[PDB]
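Just so we're on the same page: letters track the sequence lines, and every chain starts at 1. Hydrogens, waters and symmetry mates play no part in the numbers below; they use all other heavy atoms, side chains included.
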There are 2 protein chains.
Amino acid sequence: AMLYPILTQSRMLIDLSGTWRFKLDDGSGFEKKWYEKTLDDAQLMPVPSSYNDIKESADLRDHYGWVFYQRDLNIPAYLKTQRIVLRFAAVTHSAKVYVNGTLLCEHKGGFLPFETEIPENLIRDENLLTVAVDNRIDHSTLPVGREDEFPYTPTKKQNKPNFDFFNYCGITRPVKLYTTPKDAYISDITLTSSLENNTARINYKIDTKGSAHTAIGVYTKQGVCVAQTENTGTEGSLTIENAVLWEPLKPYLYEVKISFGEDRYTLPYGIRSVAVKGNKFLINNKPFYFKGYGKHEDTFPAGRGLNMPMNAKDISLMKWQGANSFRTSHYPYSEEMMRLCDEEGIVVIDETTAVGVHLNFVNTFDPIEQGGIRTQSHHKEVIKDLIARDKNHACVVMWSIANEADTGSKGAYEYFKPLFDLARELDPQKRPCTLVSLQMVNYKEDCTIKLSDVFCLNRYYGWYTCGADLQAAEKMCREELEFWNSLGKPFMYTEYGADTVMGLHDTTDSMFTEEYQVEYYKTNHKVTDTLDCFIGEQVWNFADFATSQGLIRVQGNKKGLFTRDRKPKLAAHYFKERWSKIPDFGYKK
Amino acid sequence: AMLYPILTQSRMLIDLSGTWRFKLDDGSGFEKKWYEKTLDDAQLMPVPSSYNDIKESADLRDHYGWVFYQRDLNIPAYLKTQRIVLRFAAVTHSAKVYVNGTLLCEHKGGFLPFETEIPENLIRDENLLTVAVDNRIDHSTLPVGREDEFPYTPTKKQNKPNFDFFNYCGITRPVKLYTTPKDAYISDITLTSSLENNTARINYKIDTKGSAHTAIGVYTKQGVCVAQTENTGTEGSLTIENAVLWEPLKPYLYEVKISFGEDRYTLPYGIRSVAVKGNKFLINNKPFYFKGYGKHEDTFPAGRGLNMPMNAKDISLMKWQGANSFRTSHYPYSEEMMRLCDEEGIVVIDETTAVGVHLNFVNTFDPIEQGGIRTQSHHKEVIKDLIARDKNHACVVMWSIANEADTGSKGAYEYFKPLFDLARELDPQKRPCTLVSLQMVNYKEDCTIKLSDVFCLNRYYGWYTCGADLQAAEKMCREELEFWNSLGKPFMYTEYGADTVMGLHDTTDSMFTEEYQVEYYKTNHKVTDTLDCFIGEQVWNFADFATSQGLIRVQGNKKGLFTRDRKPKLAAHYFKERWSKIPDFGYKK
Ligand SMILES: CNc1ccc2c(n1)sc1c(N3CCN([C@@H]4O[C@H](C(=O)O)[C@@H](O)[C@H](O)[C@H]4O)CC3)nc(NC)nc12
Ligand SMILES: CNc1ccc2c(n1)sc1c(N3CCN([C@@H]4O[C@H](C(=O)O)[C@@H](O)[C@H](O)[C@H]4O)CC3)nc(NC)nc12
């Protein structure tokens with residue numbers, strides 16, 4: 001259970017972000033127990049941020065292994081009357097947390113929150129908070145790193161990402177200290193909704209620790225109570241007359257206030273339905289057409305780090321462009337972004353960290369004993385933790401189980417079936433599930449056909465195939481997409497695009513130019529607009545972003561409609577025009 | 001024999017460049033004999049120019065096969081008292097020339113001149129000049145095209161260059177009509193020189209047609225006769241007291257005036273010596289250090305077409321930068337450029353069209369019967385024609401027989417030995433010969449070791465290997481170059497560089513940025529500056545240039561020190577500083 005920490009009448013919230021001490025591990029940091037004393041000969045690093053781009057050092061940027069963050073933690077003694085909790089919104093990739101040299105908790109997985117109580121007896125008048133952060137990736141991590149997958153011997157050992165984005169690490173999201181009452185407090189809140197005529201019934205389950213009485217109340221934004229049930233135990237339901245539904249680009253959030261003993265917590269909540277029916281993706285019982293992007297959490301210089309002004313700018317640009325949705329490629333995004341999308345009416349496809357589950361791009365899904373991928377156990381944990389964190393978001397309409405796994409190979413169904421079963425069991429709302437499909441010659445053998453509610457395709461007709469032959473791209477696009485269209489279920493693009501360097505131009509089709517980006521998209525839409533079951537277009541990518549170095553990466557990935565500083569390329573204006581003429585609902589009715 | 005056409009007291013020179021009629025072949029142009037009538041429904045095309053980039057049409061740009069050029073040719077009747085000759089400085093790749101529907105000549109090879117007399121009886125009051133131009137390349141052309149070397153079927157058949165520059169075709173260089181006397185005229189002039197104390201002896205061979213008397217005279221620029229021999233027949237020699245030698249960056253050209261019958265011709269001529277001695281490249285008996293580039297003939301919008309303002313700009317930039325030399329990668333350049341280099345003092349490595357002689361990047365040098373490369377016969381002709389055209393240029397110091405052929409494979413020596421023998425037999429000055437060596441794991445088996453006077457290496461330590469690991473690049477560079485340095489002969493870089501998009505920057509080593517280009521070069525020079533036998537550095541490339549489309553070509557090749565419009569990147573300023581501190585002679589003495 002991971003409720004978003006908020007300031008309430010029962011809960012202090014103390015942000016510990018700021019300037020922290022920082023030291024690269026030199027191979028002796030654990031042996032010499034750096035976490036027991038003030039870090040010596042240390043640099044300074046902003047928190048939250050990725051550490052890789054803050055300085056001008058390639059050794060820092062390309063570091064392999066651990067780093068140590070540290071700050072002083074002098075807290076008011078009267079907080080010891082409360083339960084004191086340290087929340088790490090995200091530490092990428094793995095973390096060990098020490099208070100005063102005592103290991104308090106460890107965590108695997110770089111993009112989901114974790115927390116630990118601080119034992120009263122450990123707190124002294126002056127305290128040290130140390131966080132060791134591991135950046136290493138391999139066949140057991142999500143995201144996956146390669147291990148052995150004019151030759152040269154590298155100077156130093158480096159991570160080998162099995163994914164096309166830079167391995168930004170550090171204390172990515174805020175660190176906060178919060179409190180709750182000691183004796184009785186709210187642990188989790190689960191809400192589902194059903195529309196009966198114009199009355200909405202909200203089914204609640206309120207998980208608590210300790211012995212006390214539970215109450216739930218629902219308030220409009222303006223502050224009018226529209227439902228209240230007291231001494232209700234853990235499970236129950238209530239009704240809202242003439243409920244205002246949450247709609248894409250027309251958000252409405254109620255305030256759900258919960259009290260348990262002395263503990264008080266407020267959850268914003270939008271009421272809406274999601275259902276796949278035939279070849280339709282229904283939101284509030286109307287056929288939606290996704291218009292949007294795969295994104296990244298990527299800005300300069302914080303890398304993956306939480307950037308709230310940019311989050312606000314990005315949503316503003318989305319609304320300027322006529323988009324209604326994006327996918328959290330390829331990892332859960334910050335709770336701050338997810339709460340802003342609820343507030344602004346932006347639909348989200350919520351994706352796990354499972355990118356790179358593919359050893360043949362030895363078989364990927366061979367037994368662990370025989371060298372197959374070792375991620376399934378952590379993959380279940382990521383699904384559990386992601387749904388636990390984001391289950392109550394109206395903006396989340398679909399779960400993406402993995403990006404571009406080896407789903408056309410033997411064993412894939414066996415790997416993914418338990419994960420789809422888990423996602424459907426744990427999501428109280430029973431939202432659609434998908435995996436995002438890699439382009440593949442044997443696409444009719446993609447195990448997504450056996451598992452997903454929506455077929456989400458990543459296709460590069462006109463870039464990675466048929467480059468500079470868009471007439472051939474159109475023909476090959478049509479041949480494959482007519483297959484998917486024949487299955488009768490909703491399908492969409494979750495990626496399609498072309499690397500485009502702003503400032504490069506040609507009137508005559510030429511890859512990497514701004515004009516070719518437009519013609520690439522025009523050619524794809526010639527096909528998709530004719531296909532009844534194609535219910536969404538999400539470009540790759542919203543904006544240019546950083547990747548590992550290589551001969552095909554022109555200083556990162558250039559498939560953005562926007563540059564990294566959010567300036568529109570020609571194709572950004574093209575999509576503003578196109579999306580201005582396509583309705584959010586009823587385009588293909 | 002191909003003397004450069006000039007206006008003389010015996011020779012008219014009429015430029016036929018301008019706006020010509022132009023038509024793509026539709027598959028019926030020869031069958032319907034378009035060359036017998038005015039071209040119907042034709043476009044207009046500038047001559048000289050490549051045709052590919054003049055319009056906005058991909059079908060034109062990417063055309064496969066023939067096109068037809070045509071213009072009217074109404075010539076004064078009294079030129080029929082003279083011998084009338086049509087000179088095509090270059091038609092890329094193959095040409096058929098018609099006057100009034102009569103085929104007058106054909107030519108294979110896109111970068112060297114050819115000419116035909118117009119029979120008096122063919123000339124009418126009004127005449128049509130038609131030139132059919134073939135752009136097709138395969139295993140028999142120089143440069144070589146591939147034949148069979150998520151798969152897709154292309155919309156149209158296209159050329160498949162086995163080389164990294166765009167296949168620009170058309171009437172690349174000027175078309176001119178010139179005259180000579182009918183009865184007796186000068187066909188060729190061959191000059192060699194020997195320095196005895198301060199007196200230069202010039203050995204001449206003057207090839208003529210018809211019966212008349214031959215005379216030779218040598219004049220300073222200011223117009224003073226310094227030697228004259230009359231009624232001298234074909235071969236002879238003369239002496240110049242206190243001769244002024246032609247030097248890199250300090251040119252001096254005499255004017256050699258030849259008369260034969262009524263025919264008169266003036267040849268500019270610089271006196272200088274070239275010799276390889278030990279690990280030294282000696283010009284006028286001093287150890288030269290090449291500073292410069294591989295170039296291309298490439299400008300917008302004429303493509304490969306003669307651009308005399310840009311030729312002057314490029315030499316100016318070369319002198320601004322402190323360079324002293326370039327290589328005519330990968331084809332002979334215009335005579336206009338070569339004559340300007342004589343006038344300006346820029347040293348040239350003169351290269352044939354033989355790029356792409358490599359079928360494994362079936363064995364390249366297997367018998368023609370068994371599918372090996374079919375270029376050796378045309379390769380001999382190119383060597384013959386190139387040396388015939390450029391033999392008298394002081395600026396030409398070395399012949400390059402091929403760029404990046406498959407010289408580490410079996411049969412390579414057998415292919416190249418007759419060509420090196422031919423080049424040494426035909427060059428009256430017996431200048432050094434080389435081939436330009438492709439980077440290759442089995443570099444000790446490169447047959448250049450058995451054939452060349454100078455080892456000319458194309459190496460990309462820090463780009464195509466060790467990318468973003470310049471410490472490893474330095475180590476691998478040193479290991480190989482210490483081998484070449486151990487052989488005791490002069491060697492040099494003829495290519496080394498890194499794709500760099502102007503405007504992309506990072507303080508921390510990042511491929512495609514302007515800073516990485518500088519660090520790439522700094523790392524290579526750390527090695528080359530320590531190696532006694534390394535006598536020259538020619539970067540790839542002088543300027544960004546157009547290539548075929550592909551995932552690693554960011555709108556062409558970006559390894560220029562300058563952009564395509566001749567603006568300096570950071571590394572251009574780096575080389576200005578470096579070359580300002582390295583002397584042309586005596587750097588490694
Ligand atoms: C195992 N590591 C890898 C990966 C990819 C590649 C290599 N090694 S090697 C190489 C290569 N050769 C390198 C040398 N090259 C010369 O250098 C210039 C240049 O490439 O910039 C060319 O313009 C110039 O005309 C040529 O003389 C001509 C081909 N060419 C291309 N594609 C084009 N890709 C690769
Ligand atoms: C036979 N023709 C060729 C030649 C080269 C390549 C292909 N086909 S295919 C492919 C590929 N996949 C394509 C799909 N791709 C997704 O699209 C984005 C993107 O590549 O822009 C990624 O950012 C995003 O995270 C990924 O979900 C992830 C890998 N990736 C890379 N290198 C990275 N090269 C190639």
Side-chain angles (χ1 to χ4, degrees), chain A residues 52-53 55-62 150-155 158 300 439-441 443 459-474 476 480 499-513 516 519 546 548-556 558, chain B residues 52-53 55-62 150-155 158 300 439-441 443 459-474 476 480 499-513 516 519 546 548-556 558:
Chain A
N52 307 79
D53 287 357
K55 314 296 180 157
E56 312 319 304
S57 164
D59 293 358
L60 224 163
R61 184 194 67 193
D62 301 326
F150 316 102
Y152 77 98
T153 288
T155 299
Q158 279 189 7
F300 181 83
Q439 185 161 355
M440 86 163 66
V441 286
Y443 54 84
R459 294 300 185 269
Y460 290 97
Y461 310 112
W463 187 255
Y464 291 127
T465 183
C466 301
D469 193 340
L470 289 176
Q471 210 186 312
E474 188 185 329
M476 165 195 298
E480 167 168 7
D499 288 82
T500 303
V501 181
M502 164 162 298
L504 299 189
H505 295 270
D506 200 328
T507 58
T508 309
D509 281 352
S510 294
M511 322 163 44
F512 295 95
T513 64
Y516 188 79
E519 295 299 333
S548 293
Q549 313 229 12
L551 291 169
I552 61 157
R553 284 295 172 261
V554 189
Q555 193 176 34
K558 285 290 179 291
Chain B
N52 307 79
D53 287 357
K55 314 296 180 157
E56 312 319 304
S57 164
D59 293 358
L60 224 163
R61 184 194 67 193
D62 301 326
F150 316 102
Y152 77 98
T153 288
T155 299
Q158 279 189 7
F300 181 83
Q439 185 161 355
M440 86 163 66
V441 286
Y443 54 84
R459 294 300 185 269
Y460 290 97
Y461 310 112
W463 187 255
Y464 291 127
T465 183
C466 301
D469 193 340
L470 289 176
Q471 210 186 312
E474 188 185 329
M476 165 195 298
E480 167 168 7
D499 288 82
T500 303
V501 181
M502 164 162 298
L504 299 189
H505 295 270
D506 200 328
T507 58
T508 309
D509 281 352
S510 294
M511 322 163 44
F512 295 95
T513 64
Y516 188 79
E519 295 299 333
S548 293
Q549 313 229 12
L551 291 169
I552 61 157
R553 284 295 172 261
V554 189
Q555 193 176 34
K558 285 290 179 291

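For the pair B:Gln555 (side chain) and A:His505 (backbone), a donor-acceptor distance under 3.5 Å is present. Under a 3.5 Å cut-off, the side chain of A:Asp469 and the backbone N or O of B:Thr155 do form a donor-acceptor pair. In this structure a side-chain-to-backbone donor-acceptor pair under 3.5 Å is present from A:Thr465 to B:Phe150. Between the side chain of A:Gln549 and the main chain of B:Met511, a donor-acceptor pair closer than 3.5 Å is present.
At a 4.5 Å heavy-atom cutoff, the contact between A:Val501 and chain B is made by side-chain atoms alone.
Taking chain B as the reference chain and counting heavy-atom pairs below 4.5 Å, the highest number among A:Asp499, A:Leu504, A:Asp53 is found for A:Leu504. In terms of non-hydrogen atom pairs under 4.5 Å with chain B, the most contact-rich of A:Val441, A:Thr507, A:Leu551 is A:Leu551.
Listed here is the closest heavy atom pair of B:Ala472 and A:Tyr152: CB-CD1, 4.2 Å.
Between B:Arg61 and A:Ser510, the closest side-chain pair of non-hydrogen atoms falls below 4.5 Å.
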